[PDB]
Amino acid sequence: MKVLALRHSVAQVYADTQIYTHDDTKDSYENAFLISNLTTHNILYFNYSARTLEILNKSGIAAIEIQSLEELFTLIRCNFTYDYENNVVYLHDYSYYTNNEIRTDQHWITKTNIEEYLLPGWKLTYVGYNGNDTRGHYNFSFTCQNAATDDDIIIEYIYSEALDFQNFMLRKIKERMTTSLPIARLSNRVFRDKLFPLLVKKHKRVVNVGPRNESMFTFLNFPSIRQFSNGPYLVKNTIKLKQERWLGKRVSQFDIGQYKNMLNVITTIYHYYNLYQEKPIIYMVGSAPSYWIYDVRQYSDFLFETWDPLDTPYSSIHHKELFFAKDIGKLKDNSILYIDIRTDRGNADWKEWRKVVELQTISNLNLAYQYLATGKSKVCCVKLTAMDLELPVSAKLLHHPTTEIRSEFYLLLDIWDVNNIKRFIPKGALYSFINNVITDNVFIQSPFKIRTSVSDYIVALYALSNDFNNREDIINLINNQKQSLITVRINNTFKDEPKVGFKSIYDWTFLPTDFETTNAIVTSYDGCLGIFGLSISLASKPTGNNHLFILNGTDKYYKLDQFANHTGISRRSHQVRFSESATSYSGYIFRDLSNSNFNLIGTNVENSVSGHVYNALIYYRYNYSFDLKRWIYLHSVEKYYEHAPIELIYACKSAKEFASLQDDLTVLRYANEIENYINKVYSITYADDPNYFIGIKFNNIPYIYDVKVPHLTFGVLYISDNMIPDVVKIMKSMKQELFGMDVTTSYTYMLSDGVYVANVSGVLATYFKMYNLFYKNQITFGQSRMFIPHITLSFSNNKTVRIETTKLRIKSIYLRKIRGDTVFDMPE
Amino acid sequence: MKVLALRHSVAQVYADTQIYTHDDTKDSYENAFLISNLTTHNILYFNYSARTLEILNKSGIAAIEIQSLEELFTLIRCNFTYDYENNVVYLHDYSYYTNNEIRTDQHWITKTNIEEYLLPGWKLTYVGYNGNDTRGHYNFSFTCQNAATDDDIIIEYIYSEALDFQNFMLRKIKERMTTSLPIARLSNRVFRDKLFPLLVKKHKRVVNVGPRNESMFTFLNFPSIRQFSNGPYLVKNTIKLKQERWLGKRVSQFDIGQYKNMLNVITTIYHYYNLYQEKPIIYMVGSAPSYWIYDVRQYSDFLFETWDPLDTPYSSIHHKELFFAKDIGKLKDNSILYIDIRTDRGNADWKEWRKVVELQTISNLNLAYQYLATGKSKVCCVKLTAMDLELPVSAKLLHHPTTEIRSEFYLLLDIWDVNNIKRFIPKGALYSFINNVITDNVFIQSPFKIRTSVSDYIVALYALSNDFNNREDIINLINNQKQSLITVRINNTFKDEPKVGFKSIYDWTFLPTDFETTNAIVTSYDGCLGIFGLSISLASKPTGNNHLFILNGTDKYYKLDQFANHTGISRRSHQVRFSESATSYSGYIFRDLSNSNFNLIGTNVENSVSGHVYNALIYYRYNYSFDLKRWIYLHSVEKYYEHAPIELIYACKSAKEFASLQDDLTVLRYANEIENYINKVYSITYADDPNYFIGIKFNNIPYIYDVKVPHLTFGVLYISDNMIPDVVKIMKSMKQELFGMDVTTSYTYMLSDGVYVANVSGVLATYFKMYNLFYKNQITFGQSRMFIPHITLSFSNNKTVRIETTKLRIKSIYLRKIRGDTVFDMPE
Amino acid sequence: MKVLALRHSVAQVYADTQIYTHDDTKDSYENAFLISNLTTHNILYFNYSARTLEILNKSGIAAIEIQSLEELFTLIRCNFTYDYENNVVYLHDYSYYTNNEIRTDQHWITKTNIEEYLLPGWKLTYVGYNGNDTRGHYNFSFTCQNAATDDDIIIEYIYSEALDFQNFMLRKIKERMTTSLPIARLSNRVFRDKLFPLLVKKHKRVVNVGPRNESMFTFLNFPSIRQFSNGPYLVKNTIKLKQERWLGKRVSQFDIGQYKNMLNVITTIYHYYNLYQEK
Ligand SMILES: Nc1nc2c(ncn2[C@@H]2O[C@H](COP(=O)(O)O)[C@@H](O)[C@H]2O)c(=O)[nH]1
Ligand SMILES: Nc1nc2c(ncn2[C@@H]2O[C@H](COP(=O)(O)O)[C@@H](O)[C@H]2O)c(=O)[nH]1
């Protein structure tokens, strides 16, 4: 939506493409509301106050100050993510292709030969995390940087099994200049970066579920988190594999040895974090060039100590040019040891040189056992060729990709992988692992058992919703659990399909109303950006991979008009009402017809009902950022605004009817889901065949009438005959809000056959309040019909006569017994 | 789109929902273009000239003057159709439901009992054609009236076989306040009203194909038109029907006798128009109340002469209260006779009263034959019960609906239906016609044989495209034919589906490129509104029942920038470029990558190619109002603007690539459809391995270089050695447009391996003209590659160096022989 | 699958359309197994023992004895349901249309004017439950009767809001001679008839869920069952309804007063059974 707030005396409207203008000083949050229901994508907000920007930025709507026009305004056009507490703009613009470069955020790729393999004239540069080395280009009122990088192209290529690179990047560079910017994907690395370091301090613990190599680096300075994912591959499960022979396969023009050397270490550490919430010393041998070190130090600071003949530019201590051979007792315990002692064949005979590779492998294991023989908290990660070896069963294999597959895989070990566990593995049982099994993830820790906990702050962002997880176990994990941040997918389709996918995998799909939480928000992506200190410039789409977010047990459940609020509620309706092929009164006509006020749709300008909810139900696909359920519970019990209980049912009933004609079975369910939850948090009682009624007499009715005493039957009630004395309290306590309300009549109509009446206006708000004061005093009041206030005139069938809006005022009020000869109260 | 032009000194921007503002005086044509590529639906145009409104209104964009704010501006919000030559606004607002009425445009329904059968409190009123009796409510700078009526509800109900009316209207009134305004359907009755009376005078003849009861009244003052439709039902085809017995069926609460009495006459007339191109006297008997007369006189003026005992309010001469019995020679020939001599049973015994009904029927036929025995040009339409009768084979039966089916059907006769043609029909062969066959259409004239004609101005608006018509015959009717106005459906879907429908019937679907017309427009609905004097406020949707319109042989083929012009061309692109999830340079990057200028996408701000067409190809679903084909043929031969031939191929080639990734096989076809039509109206030749070239030398190159003589190879050509003397004309005739063009260089790049070059800018427009000048002199010039102008510097591989934009100027120009030692021309 | 067991010395293979033959004495249940994995729909089983037929009939495979060829074999071609303990064949053949009749199992429709409203020449007759008045036509080694009736056409027409009957039946009679015999639907009324009376005497208390007017008559001699279904419409829920006026609507050429007079009583009873397990 991208609100751009411009200087009062310096501000221009030009022939732009998606620009509305807004300017007012009515009330701060009412202004932000009126903005947030505006249609277009780019809005100029000419005279402003900081609090109107606060509310929007809190609502996930990116709203920012603009002080100048030449570059501060033209470059903040493009889409972005805004941290509204440190005033940093994370742009997501792929217009940097124009000066003919790609850009990464990993230093190691710069030292490859890759620029030989890019298209002619292109380069890569500006290597910083989130583009934090971009900010040197711009000089604004705010800090700014373009976090768009092409990590996708390079990393997918490695996992792509394709060999021509120019063909590859030319394909993908054309995909972005064709298809939609995936913002929900780029804003997450921003979100993840600030999401954990505050969460860890606030709760003192955290568990994450399903981390992928999106987060290879997020957690390197967080030992005290415990991540769970797909389990590892074990030596225990090589016995499955069919035998196979050397397969010389090349899948990368440019050498990516530094990438696996980075991953195998990183895997080794998250393992060490899994066992001992700790963080180690990191010894190394055989790995000099190590341009992947500087990538690591941008996140967490580790002590790297290396033994290699060649240059290690990035380390604390490069101890020797000798490679660590048997001086092994000189190591500290709190450690990991990464062994990559190797060789390179020259032109020597492969059949005889193979003998050398076998002997190193025997040695490299002897180093591993002697390491793990003495001290506790020691983790190894050792180099192996594919030959017959005696390996521990419970150990974990790794084959992160490389330049080319030529018979080697790495093994990592723990202290208990030595304690009397050993198996013999044949040769071709390893090649069968090498050649077909690519390791996918450095996070090889055990799966998350789906059950509630009370010490755990559980995060689960894109791990659950998979079809293979028990639906009810995740539901109960969400309902019967405090302390979390869970994400699940919304049922964004019609005909209520419970499982939705890509023709590869299906995922479980939810509505908001699957969950009877106790104190929790259930909002969208943009809403939770606001909760955690962020705001985004692009709105969510009605279809696509939208996801419910669920915050349990948080400080912000009571702060309703701040976070996950009624912002954005009517944005799509206004499009339908005025523009997209309908009359402006379409919603004002339908809901009265569907609630049996179909004779009268004149007074549907004002005094209609079913405001917030009817929009929340039929356009949930757009505005599920508004947690409807949280809105209702906090008005059951006053913890601004107030509507009657009755109005919410009519909002539900009309959405059913609407979804019936449309045949949108998902709204139709969602309407059923709500209305019996409305009848849950509070009951509703109906004096269907009442005994008493509240009546209002007037001085003079400016119409023709044959009924001997015209009156307004203001409401009916069914009570016991000694709760009159506490009904009259309310007759008394609001006597002037009835004498003081603008009763007006302007016309006659036909309420029904043989019942010719007037219309009364301007009274309902008092009628809705009265309903609530009788309510909490446990007094029945009102019928299941819609109370349309009317003054009876005659039992005939006549013509609607219009007069000027003539004010009527109250003779008296009275509480009358139906078919009785006496009353007991009448204010005056 | 609804352009609203506001007063200069009286004009307000407020917190509205779909408002851009535009204001400029750069150009009249160029301003309307910039408007027409604006996104939103409602545009305020603050300072204006009449010609900018003319162009838009001519482009189908409704653009109107606004002089005041209170009601002239607030009520012109809603959608409408505008006749920009008489300044009449036809609104299409269904907000008249609020004062609780429906509205018709047929006087006869007001005299029914229907208001007993409407929902309680509702009425019907304001009965005028197109709402021409609405204009008394509004006092504006323009004439105005709300042509929205509820004829749908009433007429469908009659053809609906449902009996409860309150249930019916409540259903349909809720359909409109739910679903999209069918603006295209509503604007046609406006279109049809002014479409024919001018067309008839201009060509002196006209044939229409597939008229429905949308047009019961359009043609009543047009004898000289010859309509064709589904043939009639004949007595000849009762021999099929199984025997059946009396079926007492009631399908209308309210009496609709006046409706069939209206239809049977109207059928009788269009028949008489079919036989003789003249228009009759219209005698009647048995039909007094005849409140349907006033409906007829609002369109065409006929002489009605009636014989009935009861009151005929609306007629010329109600001759007698006796009903026309045997004084039959006293009738004029040029006539139709409508017989409805009948009775009404009281409480008499149905078994004996039936004998009376039989005798009238014998009499009513004797009247019919005695009528058609004497004079020529006489038609009848007679009342019959279902009994065994001796009927002419070739006669035509009618059972337009009624209140209730109780055994009667009407028969119409022509002069040749008496000349020795008679058959015996059994009783139940008529009930089987009555009870199951509802007549659908008063237009019972023979079908249109699908073949070309040269005297015929053929209209065909929504009759063709049906799956049962031979596709090629309608194609050839469109291609091999002048003098017409044909409509066909567009292939608005993807994966190139040739036939599309509603799961009831399928219809043939076209692209614009199915047709090699000679002088014809192929545009949208809104474009042809402009051509005929109309403009509409709502844009067409990318999917839905869009239809190509085809105007053959019209005066407006050469007037390109007026009608069916490049208006609206980039509206959807601007949405994609800036807002809907992409960088603004996305289109500027893709088309260079897809045309092998992928090394360089820096100079894609300006000097890119493929402007109009690439947008016409991938977003044809939005902007098929622009006839791409007409645009190209009129630039092949100059009959403002000019682009080279080369640019159009690259526009086509890139749309293919675009549609390949997307897998939109319809653009992919449409690209193939165009490019070989580009190679049709004009050839393109390529000096792929040339002999000569045009070279340009400069004073000094502000770069490093190792080539001994840096030069711009401005273009290459393959010619004979004695067409040098007419090549040199062109260099001489444009020597200063080369000396006078802003040659500039700003950087170096890699054109290819071992070719390090500079970039030249600002020259291409002269290069494109030069290609055109050589072209028509039949000289080869240019290669199939894209000519990216470059100055060679060195045969190495180096780094892009940026400098300030430094102007370079021309030493000389020269025409050089490739690997030769001499030249023969050099300007200076 | 329709196993037809033929006499040893009297048995013929002819040029038939879906016939395998099987004959062996290996082992009783191994033989039935080998049969039950045979492809075709009609199987001749030439020399047999009763226990091989028992197993199949217990397996849901209809397997029956055939003693003669002229009519006991040619008419047991068509599809059927077999009660293998009382040896009754419930045929499901709609070939009775050929002698130009429909057939019901409710006596009241015969006293209407409906034969004025059938297609010319047709009639209705043979009104018995499950066609239990059909068995007078056939003289077989087993009891037999054609339980195919056209209750669908008549009852749907009443619930159809359509008024022309000849048009109606001609439509539906053509649906059956077009589409597949719904056997899983016709065999249930057989199933329901014997399913409950034995359950009742075996289990002291029973309850049924979602009965429809398939079973208007199944339960009339079972008070001690407690059926549950969609709740009633109450006077309590008229307050919803919009006001409306007399609507004269005719949806049945022939008078069906006897049908509602039957239903209103029957409703009244199952109610009385619901309150007081009584009759
Ligand atoms: N009673 C009530 N009315 C509201 C509330 N919010 C908006 N409205 C009404 O709904 C209108 C919405 O205007 P719109 O967004 O359709 O232009 C407001 O102008 C106001 O009349 C609310 O919270 N409570
Ligand atoms: N050569 C040429 N360029 C055009 C033509 N029409 C528009 N353009 C270019 O395309 C641009 C379109 O701007 P946009 O509508 O994308 O903001 C114009 O500003 C102009 O540079 C045309 O007819 N010929």
# chains A, B, ... in the order shown; residues from 1 in each chain; ligands from 1
>>> select_by_dssp(residues="segment 511-675 of chain A", states="strand (DSSP E or B)", output="PyMOL selection string")
chain A and resi 520-523+535-536+547-552
>>> select_by_dssp(residues="segment 634-760 of chain B", states="helix (DSSP H, G or I)", output="PyMOL selection string")
chain B and resi 634-636+645-662+665-681+724-733+735-739
>>> interface_residues(of="chain B", to="chain C", cutoff="12 Å", atoms="only C-alpha atoms", output="count of residues only")
32
>>> residues_around(residues="residue 325 of chain B", least_positions_apart="3", cutoff="9 Å", atoms="only C-alpha atoms", output="PyMOL selection string")
chain B and resi 322+328+363-364+367
>>> residues_near_ligand(ligand="ligand 2", cutoff="12 Å", atoms="only C-alpha atoms and all ligand atoms", output="ChimeraX atom specification")
/A:15-18 /B:29-39,561,565-578,584-588,604-615,631,635,640-644,647-648,764-765,768-769
>>> residues_around(residues="segment 707-714 of chain B", least_positions_apart="2", cutoff="7 Å", atoms="only C-alpha atoms", output="VMD selection string")
chain B and resid 693 to 697 705 789 to 794
>>> residues_around(residues="residue 60 of chain C", least_positions_apart="5", cutoff="10 Å", atoms="only C-alpha atoms", output="mmCIF file with N, CA and C atoms, in the first residue's frame")
data_model
loop_
_atom_site.group_PDB
_atom_site.id
_atom_site.type_symbol
_atom_site.label_atom_id
_atom_site.label_comp_id
_atom_site.auth_asym_id
_atom_site.auth_seq_id
_atom_site.Cartn_x
_atom_site.Cartn_y
_atom_site.Cartn_z
ATOM 1 N N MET C 1 -21.904 -61.967 -10.424
ATOM 2 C CA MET C 1 -21.119 -63.086 -10.914
ATOM 3 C C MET C 1 -21.973 -64.278 -11.306
ATOM 4 N N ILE C 55 -20.378 -71.864 0.182
ATOM 5 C CA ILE C 55 -19.288 -70.932 0.423
ATOM 6 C C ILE C 55 -19.486 -69.668 -0.402
ATOM 7 N N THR C 81 -31.200 -61.186 -6.749
ATOM 8 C CA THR C 81 -30.753 -61.301 -5.373
ATOM 9 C C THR C 81 -31.337 -62.583 -4.806
ATOM 10 N N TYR C 82 -30.512 -63.343 -4.098
ATOM 11 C CA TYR C 82 -30.837 -64.699 -3.693
ATOM 12 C C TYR C 82 -30.730 -64.832 -2.185
ATOM 13 N N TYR C 84 -30.267 -67.471 0.298
ATOM 14 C CA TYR C 84 -29.754 -68.825 0.192
ATOM 15 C C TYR C 84 -30.112 -69.710 1.370
#
>>> residues_around(residues="residue 92 of chain C", least_positions_apart="2", cutoff="8 Å", atoms="only C-alpha atoms", output="compact mmCIF listing (two decimals) with N, CA and C atoms, in the first residue's frame")
# COMPACT_ATOMS: atom_id res chain seq x y z
N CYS C 78 -31.07 -63.15 -16.24
CA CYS C 78 -31.13 -61.79 -15.73
C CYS C 78 -30.71 -61.71 -14.26
N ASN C 79 -30.39 -60.50 -13.82
CA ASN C 79 -29.75 -60.29 -12.54
C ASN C 79 -30.74 -60.37 -11.40
N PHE C 80 -30.23 -60.68 -10.21
CA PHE C 80 -31.12 -61.05 -9.13
C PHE C 80 -30.40 -60.98 -7.79
N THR C 81 -31.20 -61.19 -6.75
CA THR C 81 -30.75 -61.30 -5.37
C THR C 81 -31.34 -62.58 -4.81
N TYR C 90 -35.05 -63.07 -5.95
CA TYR C 90 -35.61 -61.76 -6.19
C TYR C 90 -35.00 -61.22 -7.47
N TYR C 94 -36.25 -55.47 -15.74
CA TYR C 94 -37.23 -54.54 -16.29
C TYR C 94 -37.68 -54.91 -17.70
N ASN C 146 -40.33 -61.30 -9.40
CA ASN C 146 -39.67 -60.12 -9.95
C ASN C 146 -40.07 -58.91 -9.11
N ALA C 147 -39.14 -58.43 -8.30
CA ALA C 147 -39.40 -57.32 -7.38
C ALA C 147 -39.18 -55.96 -8.02
N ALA C 148 -38.96 -55.90 -9.33
CA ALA C 148 -38.81 -54.63 -10.02
C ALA C 148 -40.17 -53.95 -10.12
N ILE C 183 -28.33 -51.78 -8.96
CA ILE C 183 -28.68 -52.94 -8.16
C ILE C 183 -28.47 -52.68 -6.68
N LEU C 186 -31.79 -51.60 -5.46
CA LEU C 186 -32.98 -52.44 -5.45
C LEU C 186 -32.86 -53.58 -4.45
